[PDB]
Amino acid sequence: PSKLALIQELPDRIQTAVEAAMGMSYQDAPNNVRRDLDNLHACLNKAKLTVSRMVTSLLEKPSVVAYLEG
Amino acid sequence: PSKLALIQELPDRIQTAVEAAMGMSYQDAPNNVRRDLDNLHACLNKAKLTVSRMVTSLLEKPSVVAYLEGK
RNA sequence: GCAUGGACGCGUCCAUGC
RNA sequence: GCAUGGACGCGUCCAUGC
């Protein structure tokens, strides 16, 4: 795969690494563990959004884009 | 794949999604582009570290592990 | 109270782009 | 000015251990 692709695929690959964990349910979990698992969801969500934002920043830099392809 | 395994695999599933981009070399690129891609690396290493620290912090809590296991 | 992890708010500084 | 990322400081909330 080309470098431009390597970066464009980041947000999705990360989507994949994480979808299983934050796709599981903890309806029976106690209030204190429910809060901790919710904190995990927030942590993953923020890592997901950050990478996503980072890549959008990278692909809006005409310089970075030019290099990634020629 | 139980709930416990589901969470234990995180740091690894994350390394996977990220190693391709991170193995990529850009040492032939211009200085400003080299800087942004270093910032990319800095950024991704922090995401991996945050998640790992989160998972470890979680798996050290007897209350949460008990739940994930099934007790 | 001490420490750890995360989220969030305020500010300082560094880099990059427009 | 705007945007993104990183470092640092201060503060708030949650959780855990002692």
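All chains are named by letter (A, B, ...) in the order of the sequence lines, taking the proteins before the strands, and each is independently numbered beginning at 1.
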Euclidean distance, atom NE2 of residue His41(B) to atom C1' of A15(C) [Å, nearest integer]: 16 Å
The side chain of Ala42(B) lies closest to which of these nucleotides: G6(D), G6(C), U16(C)? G6(D)
Ignoring backbone atoms, establish whether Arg35(A) has a side-chain N or O less than 4.0 Å from OP1 or OP2 of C14(D). no
Nearest to the side chain of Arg53(A), heavy atoms from C-beta on, is which of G5(D), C18(C), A15(D)? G5(D)
Base-paired stems in RNA chain D, each at least three Watson-Crick or G-U pairs under 3.5 Å: C:1-18 with D:1-18
For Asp36(A) and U4(C), give me the distance from atom CG to atom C1', rounded to whole Å. 12 Å
Hey, which of these two, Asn39(A) or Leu40(B), hits RNA chain D nearer its 5' end, going by closest nucleotide? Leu40(B)
Among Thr16(B), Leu10(B), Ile14(B), exactly one meets side chain to side chain contact (heavy atoms under 4.5 Å, CB included) together with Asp12(B). Which residue is that? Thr16(B)
Round to a whole Å and report the spacing from CG of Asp38(B) to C1' of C14(C). 13 Å
So does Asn32(A) get a side-chain nitrogen or oxygen closer than 4.0 Å to the phosphate oxygens (OP1/OP2) of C14(D)? no
Would you check if the distance from the ring center of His41(A) to the ring center of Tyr26(A) is below 6.0 Å? no
Among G5(C), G6(C), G5(D), the one nearest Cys43(A) by side-chain distance: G6(C)
Need to verify one output field. Residue with the more 5' nearest nucleotide on RNA chain C, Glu60(A) or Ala47(A)? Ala47(A)
Measure from CG on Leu58(A) to P on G6(D) and round the result to the nearest Å. 12 Å
Is any side-chain nitrogen or oxygen of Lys46(A) closer than 4.0 Å to OP1 or OP2 of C8(C)? yes
Assuming nearest nucleotide by heavy-atom distance, tell me which of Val51(A) and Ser63(B) is located more 5' along RNA chain D. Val51(A)
Position toward the 5' end of RNA chain C (nearest nucleotide), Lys61(A) or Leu49(B): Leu49(B)
Out of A15(D), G5(D), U16(C), whichever nucleotide has its closest atom nearest the side chain of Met54(A): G5(D)
Nucleotide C14(D), atom P - distance to CG of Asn45(A) in whole Å: 21 Å
